[PDB]
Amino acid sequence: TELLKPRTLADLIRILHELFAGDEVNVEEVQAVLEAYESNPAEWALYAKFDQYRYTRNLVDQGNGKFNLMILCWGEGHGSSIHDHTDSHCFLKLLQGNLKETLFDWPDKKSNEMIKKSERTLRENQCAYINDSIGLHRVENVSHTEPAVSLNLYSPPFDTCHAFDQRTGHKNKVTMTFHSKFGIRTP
(Lines of atoms letter the chains of each structure in order from A and count residues from 1; the text may use other names and numbers.)
(Lines give C-alpha, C1' and ligand atoms only; values in the text may rest on other atoms or scores of the structure.)
Protein backbone atom coordinates (compact mmCIF):
# COMPACT_ATOMS: atom_id res chain seq x y z
CA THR A 1 0.00 0.00 0.00
CA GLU A 2 3.20 2.08 -0.16
CA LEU A 3 2.83 4.59 -2.99
CA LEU A 4 6.16 5.85 -4.38
CA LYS A 5 6.79 8.43 -7.08
CA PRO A 6 7.05 6.83 -10.50
CA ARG A 7 10.50 7.73 -11.85
CA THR A 8 9.62 6.77 -15.42
CA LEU A 9 6.69 5.51 -17.48
CA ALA A 10 7.97 1.93 -17.09
CA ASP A 11 8.11 2.49 -13.34
CA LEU A 12 4.54 3.81 -13.34
CA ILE A 13 3.37 0.75 -15.24
CA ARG A 14 5.06 -1.50 -12.66
CA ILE A 15 3.35 0.39 -9.83
CA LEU A 16 0.02 0.14 -11.65
CA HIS A 17 0.41 -3.62 -11.91
CA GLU A 18 0.77 -3.73 -8.11
CA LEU A 19 -2.23 -1.44 -7.47
CA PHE A 20 -4.46 -3.57 -9.70
CA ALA A 21 -3.23 -6.92 -8.38
CA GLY A 22 -6.49 -7.29 -6.48
CA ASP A 23 -10.21 -7.38 -7.27
CA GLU A 24 -10.97 -3.81 -6.27
CA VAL A 25 -9.54 -0.39 -7.13
CA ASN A 26 -8.38 2.37 -4.83
CA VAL A 27 -9.32 5.22 -7.15
CA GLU A 28 -7.58 7.92 -5.14
CA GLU A 29 -4.31 6.00 -5.04
CA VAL A 30 -4.35 5.30 -8.79
CA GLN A 31 -5.10 8.98 -9.52
CA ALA A 32 -2.32 10.08 -7.18
CA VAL A 33 0.28 7.86 -8.80
CA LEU A 34 -0.74 8.93 -12.33
CA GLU A 35 -0.58 12.60 -11.30
CA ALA A 36 2.86 12.03 -9.67
CA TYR A 37 4.49 10.73 -12.87
CA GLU A 38 6.21 13.70 -14.53
CA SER A 39 5.68 13.48 -18.27
CA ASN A 40 8.91 12.73 -20.11
CA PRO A 41 8.18 12.85 -23.86
CA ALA A 42 11.12 10.59 -24.80
CA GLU A 43 9.51 7.80 -22.78
CA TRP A 44 6.17 7.87 -24.58
CA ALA A 45 7.10 9.14 -28.06
CA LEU A 46 6.77 5.57 -29.42
CA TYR A 47 3.05 5.58 -28.63
CA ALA A 48 2.26 9.12 -29.69
CA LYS A 49 0.92 8.34 -33.15
CA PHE A 50 -1.32 11.14 -34.46
CA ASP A 51 -3.94 11.03 -37.20
CA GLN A 52 -4.84 14.15 -39.19
CA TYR A 53 -8.59 13.78 -38.87
CA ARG A 54 -9.32 12.48 -35.41
CA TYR A 55 -7.83 11.55 -32.04
CA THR A 56 -6.07 8.20 -31.79
CA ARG A 57 -5.95 5.50 -29.12
CA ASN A 58 -2.59 3.81 -28.67
CA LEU A 59 -2.41 0.78 -26.41
CA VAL A 60 0.56 0.80 -24.05
CA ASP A 61 -0.21 -1.96 -21.54
CA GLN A 62 -2.95 -4.52 -21.02
CA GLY A 63 -2.45 -4.65 -17.27
CA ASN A 64 -2.55 -8.43 -17.14
CA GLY A 65 -6.27 -8.23 -17.99
CA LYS A 66 -7.08 -5.76 -15.19
CA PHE A 67 -6.89 -2.50 -17.17
CA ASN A 68 -5.98 -1.00 -20.52
CA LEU A 69 -3.36 1.70 -20.31
CA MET A 70 -3.22 3.76 -23.49
CA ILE A 71 -1.97 7.02 -24.98
CA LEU A 72 -4.43 9.27 -26.74
CA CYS A 73 -3.25 11.81 -29.32
CA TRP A 74 -5.53 14.77 -29.90
CA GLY A 75 -4.76 16.88 -32.93
CA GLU A 76 -5.74 20.55 -32.98
CA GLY A 77 -9.51 20.77 -32.77
CA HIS A 78 -9.95 17.05 -32.17
CA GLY A 79 -12.67 15.94 -29.77
CA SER A 80 -14.59 12.89 -28.63
CA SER A 81 -18.29 12.23 -28.67
CA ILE A 82 -20.32 12.51 -25.48
CA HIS A 83 -19.85 9.07 -24.02
CA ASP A 84 -20.05 6.73 -21.05
CA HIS A 85 -17.44 4.28 -19.82
CA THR A 86 -19.22 0.94 -19.71
CA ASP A 87 -19.22 0.64 -15.91
CA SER A 88 -15.43 1.07 -15.78
CA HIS A 89 -13.11 3.41 -13.93
CA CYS A 90 -11.60 5.97 -16.30
CA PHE A 91 -8.47 8.00 -15.57
CA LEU A 92 -7.14 10.71 -17.88
CA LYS A 93 -3.67 12.22 -17.30
CA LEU A 94 -2.41 15.05 -19.51
CA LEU A 95 1.09 14.43 -20.79
CA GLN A 96 1.17 17.39 -23.17
CA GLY A 97 -1.10 20.36 -23.91
CA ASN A 98 -4.61 21.08 -22.64
CA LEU A 99 -8.01 19.43 -22.96
CA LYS A 100 -11.51 20.70 -22.27
CA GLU A 101 -13.73 18.23 -20.40
CA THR A 102 -17.49 18.80 -20.49
CA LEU A 103 -19.76 16.89 -18.06
CA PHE A 104 -23.30 15.84 -18.94
CA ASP A 105 -26.04 14.17 -16.88
CA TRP A 106 -27.46 10.85 -18.06
CA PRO A 107 -30.39 11.78 -20.31
CA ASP A 108 -33.98 11.18 -19.33
CA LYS A 109 -35.73 8.96 -21.87
CA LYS A 110 -37.59 12.00 -23.19
CA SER A 111 -35.86 13.33 -26.30
CA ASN A 112 -34.37 16.65 -25.13
CA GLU A 113 -31.11 18.58 -25.59
CA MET A 114 -28.32 17.51 -23.24
CA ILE A 115 -27.23 20.62 -21.32
CA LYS A 116 -23.73 20.78 -19.83
CA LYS A 117 -23.61 20.19 -16.10
CA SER A 118 -20.14 21.74 -15.99
CA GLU A 119 -16.81 21.98 -17.73
CA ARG A 120 -13.16 22.26 -16.78
CA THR A 121 -9.77 22.69 -18.37
CA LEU A 122 -7.40 19.78 -17.84
CA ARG A 123 -3.80 20.95 -17.76
CA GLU A 124 -0.40 19.28 -18.22
CA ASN A 125 0.37 16.51 -15.69
CA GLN A 126 -3.11 16.71 -14.04
CA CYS A 127 -5.06 13.47 -13.76
CA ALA A 128 -8.85 13.53 -14.12
CA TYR A 129 -11.18 10.72 -13.09
CA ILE A 130 -14.62 9.76 -14.36
CA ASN A 131 -17.06 6.87 -13.97
CA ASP A 132 -20.69 6.35 -15.00
CA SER A 133 -22.03 7.38 -11.58
CA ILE A 134 -20.36 10.78 -12.02
CA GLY A 135 -21.83 11.33 -15.46
CA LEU A 136 -21.11 11.44 -19.19
CA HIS A 137 -18.32 13.48 -20.73
CA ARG A 138 -16.89 14.94 -23.88
CA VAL A 139 -13.15 15.62 -24.11
CA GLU A 140 -11.77 18.04 -26.71
CA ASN A 141 -8.53 19.68 -27.71
CA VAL A 142 -9.79 23.16 -28.49
CA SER A 143 -6.31 24.47 -29.29
CA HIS A 144 -5.61 25.74 -32.82
CA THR A 145 -1.87 25.38 -32.34
CA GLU A 146 -0.98 22.66 -29.83
CA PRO A 147 -1.56 18.91 -30.12
CA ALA A 148 -2.52 17.30 -26.82
CA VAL A 149 -1.40 13.91 -25.50
CA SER A 150 -3.06 12.11 -22.61
CA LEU A 151 -2.36 8.91 -20.72
CA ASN A 152 -5.62 7.03 -20.11
CA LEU A 153 -6.38 4.03 -17.90
CA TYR A 154 -9.64 2.11 -18.01
CA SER A 155 -10.52 -0.64 -15.57
CA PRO A 156 -11.96 -3.13 -16.29
CA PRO A 157 -10.86 -2.94 -19.95
CA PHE A 158 -13.68 -2.18 -22.37
CA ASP A 159 -13.72 -1.92 -26.16
CA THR A 160 -17.34 -0.76 -26.58
CA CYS A 161 -19.32 2.20 -25.21
CA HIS A 162 -22.15 4.57 -26.06
CA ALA A 163 -22.03 7.83 -27.94
CA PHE A 164 -24.82 10.32 -27.10
CA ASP A 165 -26.46 12.76 -29.51
CA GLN A 166 -26.33 16.11 -27.70
CA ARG A 167 -29.56 17.26 -29.29
CA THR A 168 -31.78 14.33 -28.30
CA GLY A 169 -29.84 12.32 -25.75
CA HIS A 170 -30.24 9.25 -27.95
CA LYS A 171 -27.41 6.77 -27.55
CA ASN A 172 -25.73 4.51 -30.09
CA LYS A 173 -23.29 1.71 -29.33
CA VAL A 174 -19.76 2.37 -30.54
CA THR A 175 -16.78 0.01 -30.84
CA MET A 176 -13.42 1.46 -29.92
CA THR A 177 -10.46 0.57 -32.12
CA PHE A 178 -6.78 0.94 -31.33
CA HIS A 179 -4.65 2.99 -33.73
CA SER A 180 -1.58 1.14 -32.46
CA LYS A 181 -0.60 -1.50 -29.92
CA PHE A 182 2.74 -1.66 -28.11
CA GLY A 183 4.17 0.89 -30.53
CA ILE A 184 2.93 -1.02 -33.58
CA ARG A 185 0.45 0.48 -36.02
CA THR A 186 -2.61 -1.78 -36.16
CA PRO A 187 -4.89 -0.89 -39.12
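From 1 onward, residues are counted along the sequence shown.
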Per the record, averaged over C-alpha atoms, which has the higher B-factor: 147 to 155 or 132 to 140? 132 to 140
Which is higher on mean Cα B factor in this entry, 158 to 166 or 34 to 42? 158 to 166
Out of 103, 94, 72, 90, highest CA B-factor residue: 103
Would you mind checking where the Cα B-factor of residue 181 ranks among the modelled residues of its chain, as the lowest, middle or highest third? lowest
Of the three thirds of the chain ranked by Cα temperature factor, residue 116 occupies the highest
Ranked against its chain, the third holding the CA B-factor of residue 83: middle
Chain-wide C-alpha B factor ranking for residue 12, given as lowest, middle or highest third: lowest
In terms of the CA temperature factor given in the entry, to which third of its chain does residue 125 belong: lowest, middle or highest? middle
